[PDB]
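Here is the structure we will look at, set down as structure tokens.
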4 protein chains.
Amino acid sequence: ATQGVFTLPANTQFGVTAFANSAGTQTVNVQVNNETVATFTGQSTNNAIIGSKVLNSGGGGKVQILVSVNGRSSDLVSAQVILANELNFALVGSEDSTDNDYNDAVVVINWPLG
Amino acid sequence: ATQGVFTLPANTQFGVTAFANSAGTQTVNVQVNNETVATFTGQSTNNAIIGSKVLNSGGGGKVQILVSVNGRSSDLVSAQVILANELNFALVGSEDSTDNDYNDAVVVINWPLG
Amino acid sequence: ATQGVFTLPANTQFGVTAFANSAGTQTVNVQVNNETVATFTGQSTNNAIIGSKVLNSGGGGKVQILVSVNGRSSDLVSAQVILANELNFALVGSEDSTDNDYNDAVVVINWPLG
Amino acid sequence: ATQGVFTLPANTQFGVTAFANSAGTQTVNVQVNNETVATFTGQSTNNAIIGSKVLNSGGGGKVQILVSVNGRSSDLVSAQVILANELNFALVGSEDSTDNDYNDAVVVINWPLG
Ligand SMILES: CO[C@@H]1O[C@@H](C)[C@@H](O)[C@@H](O)[C@@H]1O
Ligand SMILES: CO[C@@H]1O[C@@H](C)[C@@H](O)[C@@H](O)[C@@H]1O
Ligand SMILES: CO[C@@H]1O[C@@H](C)[C@@H](O)[C@@H](O)[C@@H]1O
Ligand SMILES: CO[C@@H]1O[C@@H](C)[C@@H](O)[C@@H](O)[C@@H]1O
Ligand SMILES: [Ca+2]
Ligand SMILES: [Ca+2]
Ligand SMILES: [Ca+2]
Ligand SMILES: [Ca+2]
Ligand SMILES: [Ca+2]
Ligand SMILES: [Ca+2]
Ligand SMILES: [Ca+2]
Ligand SMILES: [Ca+2]
């Protein structure tokens, strides 16, 4: 199945934060309604934050996360969880190799903000 | 029900990251096996990161998040989600007032690292 | 926080299924747009299905689960999870006593159908 | 990523329930520590329950769900959600055709029981 794609409510501010846990340098691409709006590039084997930004979901609400290492697309896993029918988390893990820890880049999307 | 309490595998490193979205200064206490190991204090209405640390779950694996604003306990909501039977997110939201956005402090715990 | 309340897309068919794990007879009330549309009454200490029905979320999309045992409201826990940005689960546990297993009535809501 | 594989606590009773939403007849295979312990076969386009059993997780706690239609493996999506650090749901969807609704067989695993 496709992973890393989420439908947010329209015109909503959201946070996106990425962490790295790999020998490989991670590139996280964030798209909103099919346009790249953020890029995080970094490397850590100890969960360093490689980016955190506030974005708007726009008219369409479509948010897509892609992860690559040296140009190779990482395999993604994702889900959305809603707490108290209002607090949302869109969650991504990614795997750049074959150990299947799925933490090589970890991406957390959160809304609402403010 | 009690919220903000999670059982991690023993002696395992985990990331804890807190975000703020409130007029109130947030205090996030992180306890491992019933002892405070970290406290994050900060203020933001724009999802600023008020703390991010790597911690160890210790022998018992018990991790508890408590949130307060000027000595008043916030109401917590939480859940744990596991992707691909391997990547874990323990998620906390909190409410310090009456609008019920539950984002006033948001805490994300992730494991494994590395 | 309020638990057991979920916002579904309007005019959408959904499944609701309840399981019992308690000495006490469970009465699960399902409200759609603030009107009772199903009542499941049963008893089991071994996960018997006490109801499974197809319902419609109607104009407003509001679904609420309440559980009582001998007329006393059980404490609820809940969350929603979405897989592949499409497959939805709204999940409820309930506690009728002091052992905090939260499984005394378990309620699973799933959509879409068909 | 591999989907439909879950680690339960050892030697633990759990519920497994399968629902169908497809023109295709669903065959759901349940394995405990790499051996089949149940098979559910049925058809519905209205969320009928095609199986519900109580099973034991065995010494290793490994539970796997596989779904096929007329011998063809369905694509799976899955996650586990834990409420109140106690109440567990392991969730599977599956897709047998081209519409990507992932509901064609839906499997819910719940524990603890009792
Ligand atoms: C080469 O493998 C990459 O780096 C290692 C240090 C591990 O983090 C592994 O999960 C990652 O996929
Ligand atoms: C006074 O209320 C607090 O501050 C506001 C600016 C909002 O973030 C609200 O959610 C928060 O509870
Ligand atoms: C009296 O307590 C009720 O029945 C027992 C058999 C247990 O299922 C317990 O969780 C439940 O709350
Ligand atoms: C042929 O397609 C199968 O049957 C249809 C009635 C739908 O349920 C579709 O999701 C399913 O994959
Ligand atoms: Ca890896
Ligand atoms: Ca890694
Ligand atoms: Ca608030
Ligand atoms: Ca707020
Ligand atoms: Ca109980
Ligand atoms: Ca019980
Ligand atoms: Ca389908
Ligand atoms: Ca279908």
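Does A:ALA105 meet the test of being surrounded by fewer than 18 Cβ atoms within 10 Å (Cβ to Cβ) and of a type outside the set (D, E, K, R)? Criteria not met by A:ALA105.
Residues of region A:83-99 that are touching a strand residue (DSSP E or B) at 6+ places or on another chain (Cβ under 9 Å) and either farther than 17 Å from A:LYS62 by Cα or more than 9 Å from chain B (Cβ to nearest Cβ) (or both): A:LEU83, A:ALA84, A:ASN85, A:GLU86, A:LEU87, A:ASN88, A:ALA90, A:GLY93, A:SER94, A:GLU95, A:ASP96, A:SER97. Of everything in region C:90-102 that is surrounded by fewer than 22 Cβ atoms within 10 Å (Cβ to Cβ) and of a type outside the set (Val, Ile, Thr), the residue that is farthest from ligand 10 (Cβ to nearest atom) is C:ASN100. Identify the residue in region B:84-101 that is out of contact with any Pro (no Cβ under 9 Å at 6 or more places or on another chain) and assigned to a loop (DSSP other than H, G, I, E, B) and, among all such residues, is nearest to ligand 6 (Cβ to nearest atom). So the residue we want is B:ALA84.
Candidates C:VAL77, C:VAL63, C:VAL54: the one that is among the β-branched types (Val, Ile, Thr), over 28 Å from B:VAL92 (Cα atoms) and out of contact with any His (no Cβ under 6 Å at 6 or more places or on another chain) is C:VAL54.
B:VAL81 meets all of the listed conditions (1) within 21 Å of D:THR7 (Cα to Cα); (2) assigned to a loop (DSSP other than H, G, I, E, B) but one, namely (2).
Exactly one residue out of D:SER74, D:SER68 is buried (at least 22 other Cβ atoms within 10 Å of the Cβ), on the phi < 0 side of the Ramachandran plot and not β-branched (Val, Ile, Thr): that is D:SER74.
Looking at C:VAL67, C:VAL63, just one residue is over 29 Å from D:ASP101 (Cβ atoms) and away from ligand 7 (no atom under 16 Å from the Cβ), and that residue is C:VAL67. Do we find a residue being in contact with a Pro (Cβ under 9 Å, 6 or more places away or on another chain), farther than 19 Å from D:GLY15 by Cβ and buried (at least 16 other Cβ atoms within 10 Å of the Cβ) anywhere in region C:32-46? The answer is no; no qualifying residue exists. Cβ-Cβ below 7 Å, separation at least six or inter-chain, first residue in region B:101-114 and closer than 18 Å to B:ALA48 by Cα and at the interface with chain A (Cβ under 7 Å from one of its Cβ atoms), second within 10 Å of ligand 7 (Cβ to nearest atom) and of a type in the set (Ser, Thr, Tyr): which pairs? Close Cβ pairs (under 7 Å, with a partner that is within 10 Å of ligand 7 (Cβ to nearest atom) and of a type in the set (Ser, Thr, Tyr)) amount to B:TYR102/B:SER94. Condition test on A:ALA23, is it under 20 Å from A:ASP104 (Cβ atoms) and in contact (Cβ under 8 Å) with a residue 60 or more places away in the chain? Taking the combined requirement at face value, the residue does not satisfy it.
No lab work stands behind these numbers, since they all come straight from the coordinates. Counting neighbours? That spans all protein chains shown, and the Cβs are built from the backbone with ideal geometry, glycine included.
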